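This document starts with two versions of one protein chain, written out as structure tokens and named structure 1 and structure 2.
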Structure 1
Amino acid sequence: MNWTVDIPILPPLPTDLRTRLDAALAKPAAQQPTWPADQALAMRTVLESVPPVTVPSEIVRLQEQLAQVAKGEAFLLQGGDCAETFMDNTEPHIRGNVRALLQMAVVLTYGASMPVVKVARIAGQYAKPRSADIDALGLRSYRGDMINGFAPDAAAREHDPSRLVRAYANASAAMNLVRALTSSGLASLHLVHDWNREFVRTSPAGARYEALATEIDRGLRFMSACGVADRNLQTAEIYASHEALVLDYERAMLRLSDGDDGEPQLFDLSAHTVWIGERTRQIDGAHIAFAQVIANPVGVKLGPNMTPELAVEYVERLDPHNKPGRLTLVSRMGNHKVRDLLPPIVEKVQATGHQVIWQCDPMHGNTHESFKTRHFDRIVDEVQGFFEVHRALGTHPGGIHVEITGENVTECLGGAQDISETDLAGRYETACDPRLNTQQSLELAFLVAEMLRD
């Protein structure tokens, strides 16, 4: 019960790009799968000839849109599953996650009074880092479906390089549907807002969000009243992102491009934008060096051990040309620490004259065990603290990065539903970290819109 692909038996990379890529990949790389080199090379050779998930002109367009974010003239929303799985890579699940992100985007667009750049964790979020090799059950840790299987048995946890090709197949299939959905009616502003209005009338805390929902509704109707050309309301752009973790995968998805802008560059065409996590951001490591040789916008996760001085080193290495929006610094401090730890980092980075996007990840600093879980109020409070830090400094609170789903899961405590510890057992479906369910993600949008409205 296998499908079977052939290992395929152009002009070479420009000499300098080959040199730089090899140098980047020769550096130490944390959190890599352990599979045979010959097998990995077979899979890379397959992936080097597949159609790309994204194309360079979209990445250049995203860079332009992110430059507006960095300049204080747009807001970045990034969200989706903590981990995609091959099993749940289905039309309803994709449709649900795209809907949940669009619903947030409407509320955040209105609240920010500026465009929102909408970036899904989708079409490649198939690899995760682990602090431990051996898990709580004594098994080799699950590292996402690009590496091994979620099932709790030894054979499933074996690192399988064929998962590189399965991950690409699943990613391009998802991406095709995201494109179709967003261009063909799912992203109609009016339809998306109708879902928000239904949330407000059926949610336990709907009375809380009714006033802002109605103001949004009246804002939408005002556009029709004014006779606005409305094609821009019928569709939205949803960009693809994931953590750039498995370097066998990312290097195989590199393509060379440019006869539009000056010189040929390497673009990672597995996504539009990628980020480097806490456990793989070693300053002299392969992940950061790889990010230096690709043209895509990138982000780096910054946790509570971050110094102002290291943050500047990231900026100087990853934004060497001072291109607004090329670099996003993703704060994940914990709600109890963000107000204290973030200001000195922001000050020192702003003093460089570079314009990064400051993005809040309020998930990864606020996890505990009841089930691995997160309380909704701590999530909300970290974004609140993040906004306070920026208001005090006159800097731009540029966006959020959240883990969400359109599914009615029971993974995070709280929200208007008041999800309890005993409730968690009902629909705890994440392959990894607890996600805000569709209602909690929308509620967070409304709360953040009020922080924006200030």
Structure 2
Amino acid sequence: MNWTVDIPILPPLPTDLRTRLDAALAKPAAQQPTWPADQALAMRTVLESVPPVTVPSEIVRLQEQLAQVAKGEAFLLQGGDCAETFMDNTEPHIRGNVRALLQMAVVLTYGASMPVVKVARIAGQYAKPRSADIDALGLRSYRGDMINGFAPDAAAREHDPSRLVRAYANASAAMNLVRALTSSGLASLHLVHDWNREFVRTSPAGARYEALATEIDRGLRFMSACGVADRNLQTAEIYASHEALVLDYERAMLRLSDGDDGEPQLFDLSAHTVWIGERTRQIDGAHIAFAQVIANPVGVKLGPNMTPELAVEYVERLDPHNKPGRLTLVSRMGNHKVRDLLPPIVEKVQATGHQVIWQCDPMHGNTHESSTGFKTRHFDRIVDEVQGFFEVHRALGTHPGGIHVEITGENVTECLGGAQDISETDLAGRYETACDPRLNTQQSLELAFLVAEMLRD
């Protein structure tokens, strides 16, 4: 059985915004679904009237907080599933990811001695690009639940535009629960840090992290001692992010803000912040041009073929007003390359006078296939890229601004290594990702401890 929505049957956009949005979407767009234009149209028309996932005042606030990051006064933690699935979009799963993020953020806040902006990969991370249209089984590749189905059969892999509305319903339900959890005792600092004390007790390398975990606990107790109750603390904010990949979905979720900011602007209200991937960041393509029309903070992924000149051109197109925190440059080069490739990019971009956020994505540049047949990543390479990234920035005198990690609160066996010493054979036990291998809950927390030590050095 299925549920059924009606196709609906405001004053138009300001003329200039229609023009610019049309011109952006007329450009070539890579990695798009291949479904009929008429059926896409119907689904976009449904989504043009739904309640938004986010609102403009939140995005404006995020932009403020990210400006602090870019100025060297805060740090950005971005993390969650590689690919959300409708099947796994449950309260236990969402809570776990929200918890894992909060757990990391408190460790990171302590180590950085500055605020941590928390951005989950959630409430929309339902689309992925692929280098191959045919996968290793000879099936049309799975592109995420917004496009087709994970099941390895041909009928499941057909692109289905009704997945756009299912995506939005899943996203909005998830966001609802994220808001509720963050305004609960879940986000209480003292609760979150007791979880961190259980980790130390039960990890095989818990002795290695005991001292920092105790220093944190002592820091929290000091706050309380000085007369700071929970009510004194601004409540926890977890923002929603995903890759802006499916332009039918992003364009349908655009909303025109008020002239309470001065000029009406387009905001993508599918999320607070979105990024553009390595396979869709064609400089004259639709995704970059779309990013130029929306008011949200944005990010661009930068891999090992990046040049300093092209990085500058992203800066100049996407932060044309010199607004710190509008743009995030995310670097994945792998651990064996970050120390050699990143510095020339950083130096050229810093010379422009613009202030981007420099964020490390350790995971994407460090993936291999195990002998047992699983797409995996070694924990030690993930840690080493972040280490290299910090070394780049320290030598320069620039700000290592944040990390972008794939994680879950589940005890998955997806990435090799960590204190639990996950082996190739262990991978088979709980390899649950619909896409890339995630740090499990313990490995994500171990990473935060390790990165906190980088911040303290």
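Throughout, residue numbering runs from 1 along the sequence of structure 1. Rigid core (definition): largest C-alpha set, two forms, superposition within 1.5 Å.
Chemist: Align on the core first; then indicate which of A205, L247, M223, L233 has a CA shift of 2 angstroms or more between structures 1 and 2.
Modeler: Once the cores are aligned, the residue moving by 2 Å or more is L233.
Chemist: Superpose on the rigid core and then read off how far the CA of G262 has moved between structures 1 and 2, in Å.
Modeler: Its C-alpha moves by 1.1 Å once the cores are overlaid.
Chemist: For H336, give the CA shift between structures 1 and 2 in Å, the superposition being done on the rigid core.
Modeler: Looking at the C-alpha of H336 between structures 1 and 2, the offset is 0.1 Å.
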